[PDB]
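What follows is a short report on a single structure.
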Amino acid sequence: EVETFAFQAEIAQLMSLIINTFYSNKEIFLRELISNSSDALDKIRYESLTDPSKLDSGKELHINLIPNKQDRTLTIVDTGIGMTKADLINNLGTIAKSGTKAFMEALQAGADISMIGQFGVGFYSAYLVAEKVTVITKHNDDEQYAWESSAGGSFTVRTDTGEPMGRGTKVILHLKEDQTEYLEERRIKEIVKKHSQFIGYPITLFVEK
Ligand SMILES: N#Cc1ccc(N2CCOCC2)cc1
């Protein structure tokens, strides 16, 4: 059972700008997604200080990077706080409505796409390199869900029947045909060292076989 939703208008406007603007510095998408994972990890870490049972769904706090050349996917997995159904349908869009608006006004006042994270909307940089993004997520207080969008103005949410995650978020980037460099081991390592060397959780690259 799949429900389809319209993006908030400002978010749809930003996603169309990201897909259609010539901008060669696409590697920042990985910094932005890792930063989002770090924020999610901070949140469950903080909550666990006063309620240790919040880690019953998994004590390890980490980020895994999983390239798959056969599927042309790059997957970013974290064991952070996860997202509820209300997060997926209402809350994140409400917050991104205002941040997207500000970011676009900034893009007219000298800013470039690389400052997107200062407006809290770094997630959408995924669409620099992905034609479709699937987000599998599990929050302690809700069931496991799959969110997905190929942009174009809409996204879907469904309960997820796949492998249970325990707790956290898995962002699956279905890469554009000309963006497969982000599946290469040495390219991912270079980007992580360049942009994400100070993240306070272990980032593990899964090597393909
Ligand atoms: N309008 C809206 C809206 C925008 C973004 C998202 N998400 C993006 C990140 O993954 C979680 C869900 C959901 C709804």
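If you're wondering about the labels, chains in the structure tokens are A, B, ... by order shown, residues count from 1 in each chain, ligands from 1 in order shown.
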
How close does each residue of chain A get to ligand 1, giving the shortest atom pair and distance in Å to one decimal for every residue with an atom at most 6 Å away, counting only C-alpha atoms and all ligand atoms, sorted by chain and residue number, as a Markdown table?
| residue | atom | partner | partner_atom_place_in_ligand_line | distance |
| --- | --- | --- | --- | --- |
| A:7 | CA | ligand 1 | 1 (N) | 3.8 |
| A:8 | CA | ligand 1 | 1 (N) | 4.4 |
| A:88 | CA | ligand 1 | 12 (C) | 4.4 |
| A:89 | CA | ligand 1 | 14 (C) | 5.2 |
| A:92 | CA | ligand 1 | 13 (C) | 5.5 |
| A:93 | CA | ligand 1 | 2 (C) | 3.6 |
| A:135 | CA | ligand 1 | 10 (O) | 5.8 |

Counting only C-alpha atoms, which residues of range 7-126 of chain A sit at most 10 Å from some atom of range 162-181 of chain A, and what is each one's closest atom pair with its distance in Å to one decimal, listed by chain and rising residue number, as a tab-separated table?
residue	atom	partner	partner_atom	distance
A:26	CA	A:179	CA	9.0
A:27	CA	A:181	CA	9.7
A:33	CA	A:171	CA	8.3
A:37	CA	A:169	CA	7.9
A:40	CA	A:168	CA	8.0
A:41	CA	A:168	CA	8.4
A:44	CA	A:168	CA	9.4
A:54	CA	A:167	CA	9.7
A:55	CA	A:167	CA	8.7
A:56	CA	A:166	CA	9.0
A:57	CA	A:166	CA	5.2
A:58	CA	A:166	CA	6.5
A:59	CA	A:167	CA	9.7
A:61	CA	A:168	CA	9.4
A:62	CA	A:168	CA	9.8
A:63	CA	A:170	CA	9.6
A:64	CA	A:170	CA	9.2
A:65	CA	A:170	CA	9.8
A:66	CA	A:172	CA	9.2
A:67	CA	A:173	CA	9.5
A:68	CA	A:180	CA	9.8
A:69	CA	A:180	CA	7.8
A:71	CA	A:174	CA	8.0
A:72	CA	A:175	CA	5.9
A:73	CA	A:174	CA	4.7
A:74	CA	A:173	CA	5.1
A:75	CA	A:172	CA	4.4
A:76	CA	A:171	CA	5.1
A:77	CA	A:170	CA	4.3
A:78	CA	A:169	CA	5.5
A:79	CA	A:168	CA	4.1
A:80	CA	A:168	CA	4.6
A:81	CA	A:168	CA	5.6
A:82	CA	A:168	CA	4.3
A:83	CA	A:169	CA	7.5
A:123	CA	A:171	CA	9.8
A:126	CA	A:173	CA	7.2

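Remark: for residue 60 in chain A, the closest of the candidate residues A:116, A:48, A:102, A:137 is A:48 (distances computed over only C-alpha atoms).
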
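Closest approach to residue 42 in chain A among A:110, A:87, A:199, A:96 is made by A:199 (distances from only C-alpha atoms).
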
DSSP on the backbone, strand (DSSP E or B) only: what residues of range 18-181 of chain A does that give? Format it as a PyMOL selection string.
chain A and resi 63-68+73-78+130-138+145-149+154-159+168-175

Could you name the residues that touch residue 147 in chain A at 7 Å or less, counting only C-alpha atoms, but leaving out those on the same chain fewer than 5 positions away, as a list in words?
residues 134, 135, 136, 156, 157 and 158 of chain A

Using C-alpha atoms, can you export the residues from the last selection as a JSON list (two decimals), in the first residue's frame?
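Full text of part-v1.json as output:
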[["chain", "number", "residue", "atom", "x", "y", "z"],
["A", 134, "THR", "CA", 15.00, 5.75, -1.59],
["A", 135, "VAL", "CA", 15.13, 6.32, 2.18],
["A", 136, "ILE", "CA", 14.47, 3.32, 4.45],
["A", 156, "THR", "CA", 5.82, 8.15, -1.92],
["A", 157, "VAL", "CA", 5.68, 6.61, 1.54],
["A", 158, "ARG", "CA", 4.94, 2.97, 2.34]]

For residue 30 in chain A, find every residue with an atom within 9 Å (counting only C-alpha atoms), except residues of its own chain fewer than 4 positions away, and show them as a PyMOL selection string.
chain A and resi 26+34-35+76+125-126+188+191-192+195-196

Which distance in Å separates CA of residue 32 in chain A and CA of residue 121 in chain A, to one decimal?
8.7 Å

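Interatomic distance, CA of residue 4 in chain A to CA of residue 155 in chain A: 5.7 Å.
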
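Remark: for residue 31 in chain A, the closest of the candidate residues A:150, A:144, A:133, A:114 is A:114 (distances computed over only C-alpha atoms).
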
Going by DSSP on the backbone, which bits of range 27-200 of chain A are alpha helix (DSSP H)? Write them as a ChimeraX atom specification, please.
/A:28-50,85-86,92-106,185-195

Output the selection as a short mmCIF file (atom, residue, chain, number, x, y, z; two decimals), in the first residue's frame - N, CA and C atoms for each residue.
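File result_12.cif, as written:
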data_model
loop_
_atom_site.label_atom_id
_atom_site.label_comp_id
_atom_site.auth_asym_id
_atom_site.auth_seq_id
_atom_site.Cartn_x
_atom_site.Cartn_y
_atom_site.Cartn_z
N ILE A 28 29.91 17.31 -3.14
CA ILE A 28 29.43 17.77 -1.85
C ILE A 28 28.22 16.99 -1.36
N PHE A 29 27.50 16.28 -2.25
CA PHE A 29 26.34 15.51 -1.81
C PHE A 29 26.72 14.56 -0.69
N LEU A 30 27.92 13.98 -0.77
CA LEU A 30 28.31 12.97 0.22
C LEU A 30 28.57 13.62 1.58
N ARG A 31 29.24 14.78 1.59
CA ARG A 31 29.41 15.55 2.82
C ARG A 31 28.07 15.84 3.47
N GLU A 32 27.09 16.25 2.66
CA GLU A 32 25.81 16.66 3.22
C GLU A 32 25.06 15.47 3.82
N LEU A 33 25.08 14.32 3.15
CA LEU A 33 24.38 13.15 3.68
C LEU A 33 25.09 12.61 4.93
N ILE A 34 26.42 12.62 4.94
CA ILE A 34 27.13 12.17 6.14
C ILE A 34 26.86 13.12 7.29
N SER A 35 26.78 14.41 7.01
CA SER A 35 26.47 15.37 8.06
C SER A 35 25.08 15.12 8.62
N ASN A 36 24.11 14.81 7.74
CA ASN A 36 22.78 14.48 8.23
C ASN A 36 22.82 13.22 9.10
N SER A 37 23.60 12.22 8.69
CA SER A 37 23.72 11.00 9.50
C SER A 37 24.33 11.30 10.86
N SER A 38 25.37 12.13 10.89
CA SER A 38 25.98 12.54 12.15
C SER A 38 24.98 13.24 13.06
N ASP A 39 24.17 14.14 12.50
CA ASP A 39 23.13 14.79 13.30
C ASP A 39 22.16 13.76 13.89
N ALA A 40 21.74 12.77 13.08
CA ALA A 40 20.81 11.75 13.56
C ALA A 40 21.44 10.91 14.66
N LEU A 41 22.73 10.62 14.53
CA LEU A 41 23.45 9.90 15.56
C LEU A 41 23.56 10.72 16.84
N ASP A 42 23.88 12.01 16.73
CA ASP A 42 23.89 12.88 17.91
C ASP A 42 22.56 12.82 18.65
N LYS A 43 21.45 12.81 17.91
CA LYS A 43 20.15 12.85 18.57
C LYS A 43 19.89 11.60 19.38
N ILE A 44 20.13 10.41 18.81
CA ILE A 44 19.89 9.20 19.61
C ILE A 44 20.92 9.10 20.73
N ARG A 45 22.15 9.55 20.50
CA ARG A 45 23.14 9.52 21.57
C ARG A 45 22.68 10.37 22.74
N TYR A 46 22.17 11.58 22.46
CA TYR A 46 21.72 12.45 23.54
C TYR A 46 20.53 11.84 24.27
N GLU A 47 19.56 11.30 23.52
CA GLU A 47 18.38 10.73 24.17
C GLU A 47 18.77 9.57 25.06
N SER A 48 19.77 8.78 24.63
CA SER A 48 20.16 7.62 25.42
C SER A 48 20.81 7.99 26.74
N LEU A 49 21.31 9.22 26.89
CA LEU A 49 21.96 9.58 28.16
C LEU A 49 20.98 9.54 29.31
N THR A 50 19.72 9.90 29.06
CA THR A 50 18.74 9.89 30.13
C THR A 50 17.79 8.70 30.07
N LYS A 85 6.70 8.06 10.64
CA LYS A 85 5.81 8.39 9.53
C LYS A 85 5.51 9.88 9.49
N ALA A 86 5.26 10.49 10.66
CA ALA A 86 4.95 11.92 10.67
C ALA A 86 6.15 12.74 10.21
N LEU A 92 9.47 16.97 8.34
CA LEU A 92 10.66 17.37 7.59
C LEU A 92 10.30 18.34 6.46
N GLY A 93 9.15 18.14 5.82
CA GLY A 93 8.73 19.06 4.78
C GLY A 93 8.40 20.44 5.33
N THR A 94 7.79 20.50 6.50
CA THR A 94 7.49 21.79 7.11
C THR A 94 8.77 22.58 7.39
N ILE A 95 9.79 21.91 7.93
CA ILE A 95 11.07 22.57 8.19
C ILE A 95 11.78 22.92 6.89
N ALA A 96 11.76 22.02 5.91
CA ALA A 96 12.46 22.30 4.66
C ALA A 96 11.76 23.37 3.82
N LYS A 97 10.45 23.59 4.02
CA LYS A 97 9.77 24.68 3.32
C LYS A 97 10.46 26.02 3.57
N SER A 98 10.77 26.31 4.82
CA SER A 98 11.39 27.59 5.16
C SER A 98 12.87 27.62 4.78
N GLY A 99 13.58 26.50 4.99
CA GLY A 99 15.00 26.48 4.67
C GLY A 99 15.27 26.55 3.18
N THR A 100 14.44 25.88 2.39
CA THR A 100 14.56 25.93 0.94
C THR A 100 14.36 27.35 0.42
N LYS A 101 13.34 28.05 0.93
CA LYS A 101 13.09 29.43 0.53
C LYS A 101 14.30 30.31 0.80
N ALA A 102 14.85 30.22 2.01
CA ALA A 102 16.01 31.04 2.35
C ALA A 102 17.19 30.72 1.45
N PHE A 103 17.45 29.42 1.23
CA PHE A 103 18.56 29.00 0.38
C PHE A 103 18.45 29.57 -1.02
N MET A 104 17.25 29.55 -1.59
CA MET A 104 17.08 30.12 -2.92
C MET A 104 17.31 31.62 -2.95
N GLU A 105 16.80 32.35 -1.96
CA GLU A 105 17.10 33.78 -1.90
C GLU A 105 18.61 34.01 -1.79
N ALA A 106 19.30 33.17 -1.02
CA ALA A 106 20.75 33.29 -0.92
C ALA A 106 21.43 33.05 -2.26
N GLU A 185 36.15 3.15 -5.11
CA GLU A 185 36.73 3.16 -3.77
C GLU A 185 37.59 4.39 -3.52
N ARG A 186 38.55 4.66 -4.42
CA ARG A 186 39.49 5.74 -4.16
C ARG A 186 38.80 7.10 -4.23
N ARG A 187 37.75 7.22 -5.05
CA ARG A 187 37.00 8.47 -5.11
C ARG A 187 36.22 8.72 -3.82
N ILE A 188 35.54 7.69 -3.30
CA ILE A 188 34.82 7.85 -2.05
C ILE A 188 35.78 8.20 -0.92
N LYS A 189 36.92 7.50 -0.86
CA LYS A 189 37.90 7.77 0.20
C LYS A 189 38.38 9.21 0.14
N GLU A 190 38.68 9.70 -1.07
CA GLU A 190 39.15 11.07 -1.23
C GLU A 190 38.12 12.05 -0.70
N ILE A 191 36.85 11.82 -1.01
CA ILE A 191 35.81 12.77 -0.61
C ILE A 191 35.62 12.75 0.90
N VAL A 192 35.60 11.56 1.49
CA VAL A 192 35.42 11.45 2.94
C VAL A 192 36.56 12.14 3.68
N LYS A 193 37.80 11.91 3.22
CA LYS A 193 38.95 12.57 3.84
C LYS A 193 38.87 14.09 3.68
N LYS A 194 38.36 14.56 2.54
CA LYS A 194 38.34 15.98 2.22
C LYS A 194 37.27 16.73 3.00
N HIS A 195 36.07 16.16 3.10
CA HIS A 195 34.90 16.87 3.60
C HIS A 195 34.39 16.37 4.94
#

Residues near residue 152 in chain A, anyone? I mean within 9 Å using only C-alpha atoms, not counting same-chain ones fewer than 4 positions away, as JSON, numbers by chain.
{"A": [12, 15, 16]}
